Structure formats: structure tokens, C-alpha cells
Amino acid sequence: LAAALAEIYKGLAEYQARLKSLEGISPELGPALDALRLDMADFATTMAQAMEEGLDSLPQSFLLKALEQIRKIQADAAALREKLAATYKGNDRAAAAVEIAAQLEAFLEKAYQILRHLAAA
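Just so it is clear: in the sequence shown, position 50 is 50 by the entry's author numbering, and no numbers are missing.
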């Protein structure tokens with residue numbers, strides 16, 4: 001349980017580091033960058049809080065919250081990738097972002113499987 005939770009949290013943190021390393025879209029997109037940071041930070045807050053507490057069992061609300069939330073984040077990220085690519089392309093930074101994005105997709109799949117198992121009785 002703790003070990004599993006540790007693995008997921010670690011992976012998320014690493015991805016964040018890559019998402020800063022690439023930045024520089026536009027200043028006017030302040031709310032944009034804030035949205036991405038709020039979604040990721042929120043996931044880390046709730047997850048980290050539960051692990052620290054070490055409660056006997058987690059609530060059904062918590063489970064379904066993880067599934068619906070993460071799905072929302074993936075959809076929004078996809079839209080951002082399409083727009084960003086159209087604007088920025090060819091540059092080395094753009095190519096790297098594509099590579100990183102691909103890795104995230106695989107990780108997303110694995111995470112979905114784990115959550116489904118937990119939700120299922």
C-alpha cells in the first residue's frame with residue numbers, strides 16, 4: 001500500500017519537473033499555467049494527505065474522485081498539446097515535449113488499471 005502509493009507520487013513529481021523545464025508560451029497565459037499547476041498540486045495534496053494519515057480504509061468519494069479528476073487532466077493536456085504544437089514546432093524544445101508527452105500516456109494507462117482494481121470489489 002505505502003510502497004505503491006510512494007511509486008505513484010514519485011512519478012508525478014518527476015513529470016512536474018519536466019513541465020517546468022519546458023516553459024515559455026506567453027505571459028497572457030497566466031491562468032493557463034495556473035490551471036495545470038492547480039490540478040497536479042491538488043492531486044498531490046489529497047494523495048499525500050491520505051498516505052500520511054494512514055487511515056484503515058479510504059472512502060468511496062476519494063476513489064471515484066481520483067478516476068474522474070485524472071481523466072479530466074488528460075483531456076485538457078491533449079488540447080494544450082495540439083495548440084502548442086501548432087504555434088511552436090521544429091524547435092528542439094518542441095520535439096522533447098512530444099517525447100515526454102508520449103511517456104506520460106503509457107504511465108496514464110497503468111495508473112488507470114490500478115485505480116479500477118481498487119474501485120472494483
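Built from N, CA and C at the ideal position, the CB exists for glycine as well.
(message) I'd like to check one pair, residue 62 with residue 44: are the Cβ atoms closer than 8 Å?
(response) no
(message) Suppose you measure from the CA of residue 100 to the CA of residue 16; what does that come to, to the nearest Å?
(response) 11 Å
(message) List, from N- to C-terminal side, the alpha helix (DSSP H) runs of 4 residues or more that fit wholly inside the region 2 to 74.
(response) 2 to 21, 30 to 53
(message) Quick check: the Cα distance between residue 73 and residue 56, rounded to an integer number of angstroms?
(response) 28 Å
(message) Helix, strand or coil for residue 88? Go by DSSP, reduced to three states.
(response) coil
(message) I need the straight-line Cα distance from residue 95 to residue 60, nearest angstrom please.
(response) 40 Å
(request) Closer than 6 Å by C-beta to residue 25: which residues in its own chain qualify, once you throw out the five before and the five after it? Chain order, please. (result) none
(request) Quick one: using the 10 Å Cβ neighbour count with 16 as the cut-off for buried, is residue 122 buried or exposed? (result) With the chain covering only 1 through 121, there is no way to say anything about residue 122.
(request) Drop a sphere of 10 angstroms on the beta-carbon of residue 48, count the other beta-carbons inside from all chains shown, and report buried for 16 or more, exposed for fewer. (result) exposed
(request) Could you name the residues of the same chain whose beta carbon sits closer than 8 Å to that of residue 11, not counting the 5 residues immediately before and after it, in chain order? (result) 107
(message) For residue 85 and residue 29, what's the separation of their Cα atoms in angstroms?
(response) 16 Å
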